[PDB]
Amino acid sequence: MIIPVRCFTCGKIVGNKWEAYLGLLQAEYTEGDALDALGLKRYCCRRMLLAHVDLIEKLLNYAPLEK
Amino acid sequence: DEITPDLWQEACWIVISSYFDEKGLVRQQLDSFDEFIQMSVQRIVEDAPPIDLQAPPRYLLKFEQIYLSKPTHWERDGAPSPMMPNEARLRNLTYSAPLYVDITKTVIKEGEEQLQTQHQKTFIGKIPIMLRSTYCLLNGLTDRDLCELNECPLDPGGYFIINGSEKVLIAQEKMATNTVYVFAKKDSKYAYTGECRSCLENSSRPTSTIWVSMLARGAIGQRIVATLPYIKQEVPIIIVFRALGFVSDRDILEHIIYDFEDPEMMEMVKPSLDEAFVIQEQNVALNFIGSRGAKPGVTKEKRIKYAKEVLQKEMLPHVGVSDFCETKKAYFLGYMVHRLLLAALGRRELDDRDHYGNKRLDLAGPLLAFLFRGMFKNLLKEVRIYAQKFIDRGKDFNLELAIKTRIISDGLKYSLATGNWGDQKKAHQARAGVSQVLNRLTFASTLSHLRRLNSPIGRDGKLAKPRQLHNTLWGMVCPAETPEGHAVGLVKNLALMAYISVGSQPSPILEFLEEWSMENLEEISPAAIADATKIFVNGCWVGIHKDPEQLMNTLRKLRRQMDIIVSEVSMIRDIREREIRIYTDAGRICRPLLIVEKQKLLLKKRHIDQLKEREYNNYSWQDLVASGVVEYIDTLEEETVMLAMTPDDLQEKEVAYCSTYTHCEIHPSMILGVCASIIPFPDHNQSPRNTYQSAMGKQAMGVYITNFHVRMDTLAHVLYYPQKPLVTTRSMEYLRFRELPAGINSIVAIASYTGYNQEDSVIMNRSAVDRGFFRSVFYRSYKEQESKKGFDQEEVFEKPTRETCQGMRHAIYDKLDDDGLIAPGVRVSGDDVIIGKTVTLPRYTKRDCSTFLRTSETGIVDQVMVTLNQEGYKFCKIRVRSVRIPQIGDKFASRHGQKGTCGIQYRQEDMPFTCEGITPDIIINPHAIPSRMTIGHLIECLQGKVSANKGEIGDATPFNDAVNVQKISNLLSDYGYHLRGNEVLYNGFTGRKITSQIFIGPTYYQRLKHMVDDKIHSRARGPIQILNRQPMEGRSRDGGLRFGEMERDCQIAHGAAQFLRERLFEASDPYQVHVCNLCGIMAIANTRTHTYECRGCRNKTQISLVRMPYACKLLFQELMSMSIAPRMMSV
Amino acid sequence: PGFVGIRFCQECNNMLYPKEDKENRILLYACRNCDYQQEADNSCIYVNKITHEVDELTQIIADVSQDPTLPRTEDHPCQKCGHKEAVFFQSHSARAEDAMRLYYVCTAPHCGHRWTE
RNA sequence: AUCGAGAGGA
Ligand SMILES: [Zn+2]
Ligand SMILES: [Zn+2]
Ligand SMILES: [Zn+2]
Ligand SMILES: [Zn+2]
């Protein structure tokens, strides 16, 4: 639902790159160039950022249980 | 103007996207229900006859109008409030709306003393509502509005909520009605049989099947007979024709044979005439029909009346049930005989039972209409009895008390709740499997269950013909998605652009045909039918025409302009036989296609331009259909269509194949369904693999729905880190797999590493699993309610106590609160208590009835919900949360039928690594590829390596000539990798290079619901069944495993007699009986006082102890129940 | 030989059955409902073509040339009108074993000539 | 708890 912390394969930290990745994408980067800007050179970490579906943004459309 | 090939792949998919923006994936369910509520209920209410009751005063009670309000709920105080579907799910309510009917009761006694009293909005019942239909509170709501209501915006709807349970109506296949089908049964007295399941336009009775058969050769020739309804004896066709008023043989053959220049037909009908010459007038023929019937009246008068009523009502209702229709019925029965003779003369082909042009899909609307007809008839009956018992006393009555609304309400609710489709009393004549529980395991499973079709041939049937993938399923049913168990080919799935017609009235078409140059059937002379073309509308021969070609041109122009003919109307011109069959009825599966001009598409570039700005200029799919550019073609009209697979087929070629195409595919990949549209490169797999994936995408974990936090589902699996596939098809954009994916992209290496992945198994990375790889959470909901059914005994939620409760287990109840309910966040292990319920007795005055955890779960309480159920006692739902970390024995699958369990997990230092230290997440065995021929797995792995190295999503759409393996390899060689996806790997244990370069890359894997922890089970002297003292059945019952007949046979072959006796006697049900040595019948033993005696023989000394299974004692006693004397003689 | 058709009475419009007049030793067709009789003109009462040597060109109709799903050829021109294009198709009729034979039809409107190679 | 039904696994 949320960006993983580490790459499943190598263990590189990708948790701090989702927001930067999105900011680069709205900056008219291609996904490949964006992944290059964040330093994801192994295709495992590129897999992590490139195949992520941010479902938490949809789960935050529901009001919480307590106000 | 023309769309060039280089733009085509965009244009077509743009068109496809517009379709899914307009329709969706559950459009058939919603349209069926909408037609049922808008039209079918009103038609059913009006088609019921007014109930005239009189002792004197009389009352008619005519029902005239219906009103279906929005779904509401009535509390105990009775305040109506709008009920939201999520509240229905949580509170175990039924998402139903009240149906009110306007009733008109006029008093007529004498002397023109007439006065009408109208009861506006008389509450006649409650009708369950399909979600996201027009009459659903979630109709037209925005995604923000749905999220405000705790609903998922991606939820398709198309299901009902009955008692909190989401129920989905499965479309039921049936042979089309009002159509003549000539078959030939090999083993039967008849050579050829022409059947016609006839049913009037607005259904009020079942389908009345009429058969017109030919007796098999071996008196002199072949005799034609007719098996009329309600008559248990064959009847010659000539007798039926005379009974309809056609006595002269010339008239009968005018109606049967339209071309008198054809002696073959003549000699083949001659035996039937020769067999019916003694009967020569209408009354005598009617008497013969009545005599052959199963109720032969002693007096010929009532025989003739009965025959008249049968031939006017039960024979061919679709032709007309009123009087003076004998001409139409005679023409139609003559057409049936003509079709039979054409089949017997070889001039026409026998009809194919499996052709989907001959089938209809009974959807939610027409199924609920069947229920509503039965239930409204029962309601009117009950009203008749209630009003009769009052007017017999000569006084007025209150219709509000006559209407017991529970008939309609409880009937629809029961039928949708259980699936037994029919009256609750006829629970065995009713057909189950309709209305199943919606599958909420993954979004693909939900979509597929909502697009599920069913062929009710019966799973027991071992004839493969109905299970075969017929040619006519193309574009209408997924070729791949089908269960591989006992229902192969019977349970089917819609193709993506397949639309089941909702139904329409033939009135405008018939009126236009009248205004057009068609000639009615009663006004013509039969001599004109020879060269003319017949015109059937919904099976009824309505007239004839002289130029069928320009008639078809006119009708196609009318349908393409959205004129009087609506889009779903099928219009088939059979040319060799001069019929023109027009269909407007419901259940016709069809699909959209691009119309083709001389040799060009009508879809010009301007349509693609307007479709690109679909969100600004509101140019939608319906504007594409209204432009005459797209057309819905049904299975039966496809027979007359010449399709182009792609616009490339419309190019002029060195040798032209067709050069006269009429339509084009929007894209061939639309022949696949929801679950097959997720397979990447399915045209590079063996088809069984695609079927197995289509079945296994439905057990894959993911996020089954966005609003899973609020749902109290019995079972739910949510994946921690779902990922969209790196290699995807262009159809998942509409399945919403990208928004709710059900897997993870795993670096998979196809290698033989340590031997722990052999025979369909995988080696997973323990380090990856530690990082959340394929981790899931399992949510289990327990429900409970405290019933105050009566003052005799009442249940209540309260923390039990050791001093007052009787059936209190030794498990500790400290985790419960004073309210008797555990609190969220509390860690609960197996056998623990989550709800403390106590029931008052008639360990005193209350017994423990607490709800324990399903054993061996060990979760944490996710949340607790308390509310009131329909009747209004306290009702609790507790959701417990258990994190499932993948382990040895958990089942995983790719999208290519490649399933396997985790054999072992190695840490990152133990796994093999590339020069750049990439270890595989999964290692699968190379031996799973060759026999299976899942080359799509390898192409997906290579495409995924390219996608990950390039920063894109691979296009694995099935039939795409712009993507082949050589292009992908050339792309991969540009990123510094071996072009075929191989890499040098190093042994993780020793660090030495592996001699064989391993094939490794990203592949989309799925974690399936089948985890080993939910399957492991053991027993050693647990509970036993009551009837036969043998181990229980199931893990949940702590039962034992069945040592079956085949195990007995295996151990007999082994010769292991003591092991066989241990398994079948000592480990199952050891027992002792006392037998009389004289009569061999079980005696009476009293081991405390040591007095053994047989009442039969009156002896108490010659008794013997026998060690036998309890099941054998039970057998012998059940035989003695049957007056059999099984005497166990010990000598 | 050729088949024999059914013939009906002129009064009751029922089928005439065969009968023999010994007095003149001549075939008659008489109705067993009314009392009509007629002098036969064929002298043949029944014909069975066991070989089933049926000319399927008679079963074809020119309207089939309007079928978009039939194949068309330019190699077999029409002998009646000279049109180049023509649709062709096989017998596809039961009781015809050697049914790979092709039947051609002229696509010219109002010609509708049918033939076989 | 029973029974039935349905959905699934091999
Ligand atoms: Zn990595
Ligand atoms: Zn005895
Ligand atoms: Zn006559
Ligand atoms: Zn010609």
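The sequence lines fix the lettering, A, B, ..., with proteins before strands; numbering per chain opens at 1. All values below come from the heavy atoms of this structure, side chains included, with hydrogens, waters and symmetry mates left out.
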N/O donor-acceptor pairs under 3.5 Å from side chains in residues 422-429 of chain B, not counting sequence neighbours:
from: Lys426(B); atom 1: NZ; to: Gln429(B); atom 2: OE1; distance (Å): 3.1

Could you pull out all donor-acceptor pairs under 3.5 Å where a side-chain atom in residues 158-167 of chain B meets a protein atom, sequence neighbours excluded?
from: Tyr159(B); atom 1: OH; to: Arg89(B); atom 2: NH2; distance (Å): 2.7
from: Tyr159(B); atom 1: OH; to: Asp155(B); atom 2: OD2; distance (Å): 3.1
from: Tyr159(B); atom 1: OH; to: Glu166(B); atom 2: OE2; distance (Å): 3.1
from: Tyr159(B); atom 1: OH; to: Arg440(B); atom 2: NH2; distance (Å): 2.7
from: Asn163(B); atom 1: OD1; to: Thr94(B); atom 2: OG1; distance (Å): 3.1
from: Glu166(B); atom 1: OE1; to: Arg440(B); atom 2: NE; distance (Å): 2.9
from: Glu166(B); atom 1: OE1; to: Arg711(B); atom 2: NH2; distance (Å): 2.8
from: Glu166(B); atom 1: OE2; to: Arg89(B); atom 2: NE; distance (Å): 2.7
from: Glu166(B); atom 1: OE2; to: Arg89(B); atom 2: NH2; distance (Å): 3.4
from: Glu166(B); atom 1: OE2; to: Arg440(B); atom 2: NH2; distance (Å): 3.1
from: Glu166(B); atom 1: OE2; to: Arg711(B); atom 2: NH1; distance (Å): 3.1
from: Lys167(B); atom 1: NZ; to: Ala417(B); atom 2: O; distance (Å): 3.2

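For the salt bridge (charged side-chain N to carboxylate O under 4.0 Å, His left out) condition, the pairs that include at least one residue of residues 838-856 of chain B, sequence neighbours left out, are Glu798(B)-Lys846(B). Residue pairs satisfying the salt bridge (charged side-chain N to carboxylate O under 4.0 Å, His left out) criterion with at least one member in residues 1017-1035 of chain B, sequence neighbours excluded, are absent.
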Protein-nucleic acid N or O pairs under 3.5 Å, nucleotides 2-4 of chain D:
none

Nucleotides 6-10 of chain D: which of its N/O atoms have a protein N/O under 3.5 Å away?
from: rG6(D); atom 1: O3'; to: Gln436(B); atom 2: NE2; distance (Å): 3.3
from: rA7(D); atom 1: OP1; to: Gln436(B); atom 2: NE2; distance (Å): 3.2
from: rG8(D); atom 1: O3'; to: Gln699(B); atom 2: NE2; distance (Å): 3.2
from: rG9(D); atom 1: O3'; to: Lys891(B); atom 2: NZ; distance (Å): 2.9
from: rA10(D); atom 1: OP1; to: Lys891(B); atom 2: NZ; distance (Å): 2.9
from: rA10(D); atom 1: OP1; to: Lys899(B); atom 2: NZ; distance (Å): 2.5

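The salt bridge (charged side-chain N to carboxylate O under 4.0 Å, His left out) search around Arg884(B) returns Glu857(B), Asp1014(B), not counting sequence neighbours. Contacts of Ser787(B) classified as side chain to side chain donor-acceptor pair (under 3.5 Å), with partners at least two apart in sequence or in another chain: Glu795(B). With sequence neighbours excluded, the residues that form a side chain to side chain contact (heavy atoms under 4.5 Å, CB included) with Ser694(B) are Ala480(B), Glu481(B), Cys675(B), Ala676(B), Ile679(B).
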